[PDB]
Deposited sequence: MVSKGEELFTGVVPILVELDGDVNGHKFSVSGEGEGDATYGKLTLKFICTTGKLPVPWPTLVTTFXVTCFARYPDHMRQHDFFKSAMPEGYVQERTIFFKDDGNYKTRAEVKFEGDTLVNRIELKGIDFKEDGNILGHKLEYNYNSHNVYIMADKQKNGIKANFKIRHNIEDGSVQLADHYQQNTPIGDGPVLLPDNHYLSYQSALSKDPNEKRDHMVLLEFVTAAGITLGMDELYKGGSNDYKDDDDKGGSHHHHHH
């Protein structure tokens, strides 16, 4: 049978993203809009910095900007915590430690408002070097594929993950962003607590040639894979 959560994602779902950020005291906001198609694990989103110039590089916000759109293969459906929490939704929290630089702390609520899947985020960044790779805008505008190991967090009735993102720099090195993540449901309803599994990501960043505002276009695919060999 198709679960309550699963049925909310059988077609194309509009997405709205709102972020309020503050990094080393530099305040900024970003809105995003687009669509998710969970059947294909597909996200298409365009983000606009509504406060002027984004004071951090767009790539550093990609992981922050809706894992309910992941494609879970049929044999993996029991492990999809993210859809099981809908429509009431879940809180996603991270600390992202940039190696040799500062860290982001994020809190996002992901939930439906009517037919729209909303990702509402607050982000606070501290201890950044004003001329480091982040505040100095030294990251290439691109993105690597990454696998994320999702684990159940029984104590907290949700999931957790930690993974390292590599942001390429043009001198051939990378800026590491070490993610520690915890998701917990917003409703008191039943959720799926998964066995350990992976989510495989690819992300492509681009620009709208007709857009004068500071912005990012993101195309991202997420697919789950199991550990039964």
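Where C-alpha coordinates are absent, the deposited sequence of this PDB chain has the segments 66, 231-258.
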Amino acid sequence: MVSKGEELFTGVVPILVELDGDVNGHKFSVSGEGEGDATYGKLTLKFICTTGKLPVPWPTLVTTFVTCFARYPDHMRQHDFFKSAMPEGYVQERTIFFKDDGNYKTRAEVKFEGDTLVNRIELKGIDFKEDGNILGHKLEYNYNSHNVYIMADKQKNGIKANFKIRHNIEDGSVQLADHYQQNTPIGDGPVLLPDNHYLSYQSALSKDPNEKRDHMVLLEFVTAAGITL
From here on, numbers count along this sequence of modelled residues.
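The stretch with the higher mean CA B factor, choosing between 3-11 and 220-228, is 3-11. Between the stretches 118-126 and 148-156, it is 148-156 that shows the larger average CA temperature factor. Looking at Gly172, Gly32, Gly41, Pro59, the one whose CA carries the top B-factor in the deposited record is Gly172.
In the deposited coordinates, the residue among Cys49, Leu193, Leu45, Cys68 with the greatest CA B-factor is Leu193. In the PDB entry, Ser200 places in the middle third of its chain by CA B-factor. Per-chain ranking of the deposited C-alpha B factor places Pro87 in the middle third.
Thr184: CA B factor lies in the middle third for its chain, per the PDB record. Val110: CA B factor in the lowest third of modelled residues in this chain (values from the PDB entry). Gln78 sits in the highest third of its chain by CA B factor, as recorded in the PDB entry.
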